[PDB]
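1. Here's my sequence, what's the structure:
(chains A and B)
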Amino acid sequence: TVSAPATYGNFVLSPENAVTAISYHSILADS
Amino acid sequence: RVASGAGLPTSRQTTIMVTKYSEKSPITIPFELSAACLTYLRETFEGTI
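-> Numbering: from 1, shown residues only, chains lettered A, B, ... in the order given. See the structure here:
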């Protein structure tokens, strides 16, 4: 078992689901 | 009107009505807003400097 980084850095808000969020907003029209 | 002293003055209407027509004119200018800056302003995120 290898401990890889859990997040894409520390400079922008975390969640990786951002693709679904922006697209959903288009459909509707801690560091 | 001026009170007369030599001739007999004719009676007149002391008020007259005039009609004026109006002119119309529109003025317009466009301006544009980037979406990215609008999202910055809308979404209120403040975590980092």
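
2. any idea how far chain A is from residue B:24?
-> Distance, residue B:24 to chain A, using Cβ to the nearest Cβ, to the nearest Å: 37 Å. From N, CA and C alone the C-beta is placed, and that goes for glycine too.

3. mind listing what the residue in chain A that chain B sits nearest to touches?
-> Using Cβ to the nearest Cβ, the single residue of chain A nearest to chain B is residue A:31, 5.5 Å away. By Cβ atoms under 8 Å, 6 or more residues apart in numbering or on different chains, the residues touching residue A:31 are A:10, B:47, B:48.

4. can you do 10 Å?
-> Each residue near residue A:31 by Cβ atoms under 10 Å, 6 or more residues apart in numbering or on different chains is listed here: A:7, A:9, A:10, A:11, A:12, A:13, A:14, B:47, B:48.

5. can you give me the helices for chain A?
-> A:18-28 (DSSP state H).

6. quick one on the thing from earlier: what would the contacts of residue A:31 look like in a markdown table with distance to residue A:27 and neighbour count?
-> Listed next are the contacts of residue A:31 as a markdown table, based on distance: Cβ to Cβ, whole Å; neighbours: other Cβ atoms under 10 Å in any protein chain shown:
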| residue | distance to residue A:27 | neighbour count |
| --- | --- | --- |
| A:7 | 27 | 11 |
| A:9 | 29 | 8 |
| A:10 | 31 | 9 |
| A:11 | 28 | 8 |
| A:12 | 23 | 12 |
| A:13 | 21 | 12 |
| A:14 | 23 | 14 |
| B:47 | 27 | 11 |
| B:48 | 29 | 9 |
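
7. Pull the contacting residues for whatever residue of chain B ends up closest to chain A.
-> The minimum distance from chain B to chain A, using Cβ to the nearest Cβ, falls at residue B:47 (5.5 Å). Neighbouring residues of residue B:47 by Cβ under 10 Å, 6+ apart: A:10, A:11, A:12, A:13, A:14, A:30, A:31.

8. SS state for residue B:39?
-> helix (DSSP: H, G, I helix; E, B strand; the rest coil).
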